[PDB]
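# Topology and contacts: notes
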There are 2 protein chains.
Amino acid sequence: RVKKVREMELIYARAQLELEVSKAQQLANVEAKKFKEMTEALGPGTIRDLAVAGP
Amino acid sequence: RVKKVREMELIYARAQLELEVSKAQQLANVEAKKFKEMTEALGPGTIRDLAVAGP
């Protein structure tokens with residue numbers, strides 16, 4: 001009983017702890033994608049000058 | 001019972017946790033699109049001078 005309850009929970013938790021990583025994987029892509037679509041569209045050099053303004 | 005309830009919930013939650021990412025994916029596009037339609041329409045050089053104003 002204690003074997004087939006923790007062992008069967010393990011294979012269940014295995015396909016869920018890895019399902020958890022696929023969520024974070026796809027959400028990391030759309031974050032980096034939408035980051036890329038702004039950083040280059042804004043300006044590779046503009047980001048540099050916009051931060052260094054100190055006069 | 002505990003197999004076919006958590007396993008069937010897994011395939012259900014799988015097609016929902018990935019449905020969640022498609023929402024964030026399309027919303028990231030319209031954000032970056034509408035960002036692109038303003039940043040270039042405003043001025044690639046204008047964004048640089050508008051921030052560096054310090055006199």
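Residues numbered from 1 in each chain as written, not as in the entry; some residues may be left out. Chains lettered and ligands numbered in written order. Part of a larger assembly, values for the part shown. Heavy atoms only, no water. Residues with missing side-chain atoms left out of burial classes, pairs and counts.

This entry lists X-ray crystallography as its structure determination method and reports a resolution of 3.50 Å.

## A closer look at helix α1 (residues 2-42) of chain B
If you check α1 of chain B, its first and last C-alpha atoms are 59 Å apart, about what 41 residues at 1.5 Å a residue would give, namely 60 Å. Those residues of α1 of chain B not exposed but buried are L10, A13, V21, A28, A32 and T39 of chain B. Each element contacted by the buried residues of α1 of chain B is listed here: α1 (2-42) of chain A together with α2 (46-51) of chain B. The positive-phi residue at the C-terminal boundary of α1 of chain B is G43 of chain B, with phi of around 150°. (Helix = DSSP H or I, 4+ residues; strand = E, 2+ residues; numbered from the N terminus. Expected span 1.5 Å × (residues − 1). Buried < 20%, exposed > 50% of the residue type's maximum accessible area, 1.4 Å probe, protein only. Contact = heavy atoms within 4.5 Å.)

## Quick word on the layout of surface pockets
If you add up the space inside the largest pocket, you get close to 160 Å³. Looking at the largest pocket, the residues that line it are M8, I11, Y12 and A15 of chain A together with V2, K3, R6, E7, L10, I11 and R14 of chain B. Of all the secondary-structure elements, those providing two or more residues to the lining of the largest pocket are α1 of chain A together with α1 of chain B. Sort the elements by how many residues they give to the lining of the largest pocket and α1 of chain B lands first, with seven residues. The residue inventory of the lining of the largest pocket, partitioned by class, reads seven nonpolar, no polar and four charged. (1 Å grid on protein atoms, 1.4 Å probe; cavity = no way out; pocket = protein on both sides within 12 Å on 5 of 7 lines; lining within 4 Å. Points joined across faces, edges and corners; volume = space filled by probe spheres on them. Nonpolar A, V, L, I, M, F, W, Y, C, P; charged D, E, K, R; others polar.)

## Notes on the interface of chain B and chain A
Across the contact, 25 residues belong to chain B and 21 residues belong to chain A. The set of elements that each furnish at least two residues to the side of chain B that touches chain A consists of α1 and α2 of chain B. A breakdown of the residues in the side of chain B that touches chain A according to their chemical character gives 12 nonpolar, four polar and nine charged.

## Comments concerning the side chain of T39 of chain B
Position of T39 of chain B among the secondary structure elements: in helix α1. With relative accessibility at 7%, the residue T39 of chain B sits in the buried group. Residues in contact with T39 of chain B, not counting those within four places in the same chain, are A41 and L42 of chain A together with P44 and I47 of chain B.

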